[PDB]
Each structure stands twice: as C-alpha cells, then as structure tokens.
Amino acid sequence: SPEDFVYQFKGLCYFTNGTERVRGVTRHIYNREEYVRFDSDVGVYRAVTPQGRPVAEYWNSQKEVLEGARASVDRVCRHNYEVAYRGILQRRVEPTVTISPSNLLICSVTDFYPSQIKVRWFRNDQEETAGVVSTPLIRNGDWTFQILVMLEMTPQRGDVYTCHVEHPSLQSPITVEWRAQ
C-alpha cells in the first residue's frame, strides 16, 4: 500500500439561538490529529498537541493574524448566515410515511428535512411503546433524512394500526393506517 500523509484545515461556525451566540473554530489537522486550534471563546491560538506549540506561539505574536482570526466570527460566520444559512434553515421537505410488514410492522418515514421528527405507533388508538424499535436518523446524503420505526405486533381480526408522524414542515400530523388483512 502507498504511503500517504494528510492535511485537513476546517473553518467551523457554531450558531445558537438565531445568531445571538456565535462561535468560530478553526482546526489544523495532520492525519487524524488536530494539532492547533483557534477558538473564538478562548481568544487565541491554542496548541492541542506538542507539535502545535510553536506554530501557535508564532501566530499569536503576529498582531495581524490574531486580529484576523478574531474578526472571523463577524466577518465570515455572521455573513454566511445572512448569505446562505438563514435560507437553508427555511428549507422544509415533507416526509413520506409508509407502513409495510416484513410478526413485525415497519413504519418507514422517508425523504424529510430538516432532521427533527416525532414518530409514534398505535394499536386501536392506544399508543404502543414496549414493542417499538427505531433506527437513528439516517442521512441520505442528498438533502434529506429517513428513519425506520418498528412495532412488534401480534395481529388480530379487527385491529387498526396507525403510524403517527410530526415534523416542522407539517401543519398537522400525518397518520397512516394498516388494517390487519
């Protein structure tokens, strides 16, 4: 196998509560190891590892680098919120709720965005919990999630099952029924 060496440099913006508390972080990474970090909460370059001590020492003395990293939160972070992020946070894609048996019933909530979703199962208008398993949110890699939530069921003639879904894009919950054949 070829020998490789890897450099990652990430500029990250962490937003909370609109744009009130904003927090900028940059990481300089060698292979898997962040060696020097600038963190708008710390205020200056810190070394994460031994190898980052002198790099951060140097940069921290340059008036212009330090000052540039300090402005980053307002100049870059707060700007991108205005140019892109705010509109992306507006993005609503409705979930597709579909029930299918595999005695196990699989509620398959698919194609939604943003990530916040509640999913509940019912047997005859009574919530079922004991028999529920859910996956974590699954990231599709296009701009949608999906999630699979199983109810363990022993079907009887008469019984109605209901998968119940709430999501920010829905004014009212989606319910999908599955009647024991």
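In this text, residue numbers run from 1 along the sequence as written.
Peer 1: Are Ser102 and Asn103 truly consecutive in the deposited sequence, or are residues between them missing coordinates? Give the number as none, 1 to 3, 4 to 9, or 10 or more.
Peer 2: Missing in between: 4 to 9 residues.
Peer 1: Once you work out the mean C-alpha B-factor for both 27-35 and 130-138 from the entry, which is higher?
Peer 2: Taking the mean B-factor of the alpha carbons in each, 27-35 is higher.
Peer 1: Name the higher of the two by mean Cα B-factor in the PDB entry, 151-159 versus 114-122.
Peer 2: 151-159 has the higher mean C-alpha B-factor.
Peer 1: What third of the chain does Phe145 rank in for C-alpha temperature factor, lowest, middle or highest?
Peer 2: Its C-alpha B-factor, which the entry lists for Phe145, ranks in the lowest third among residues of this chain.
Peer 1: So where's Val93 on the chain's Cα temperature factor ranking, which third?
Peer 2: As the PDB entry reports it, the C-alpha B-factor of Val93 lands in the middle third of its chain.
Peer 1: Grab the CA temperature factor for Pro54 from the record and place it in the lowest, middle or highest third of its chain.
Peer 2: For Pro54, whose C-alpha B-factor we compare with every modelled residue in the chain, the answer is the highest third.
Peer 1: Would the CA B-factor of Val109 place it in the lowest, middle or highest third of its chain?
Peer 2: CA B-factor rank for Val109: lowest third.
Peer 1: Please place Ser40 in the lowest, middle or highest third of its chain by C-alpha B factor as given in the entry.
Peer 2: Tercile = lowest for this residue's CA B-factor.
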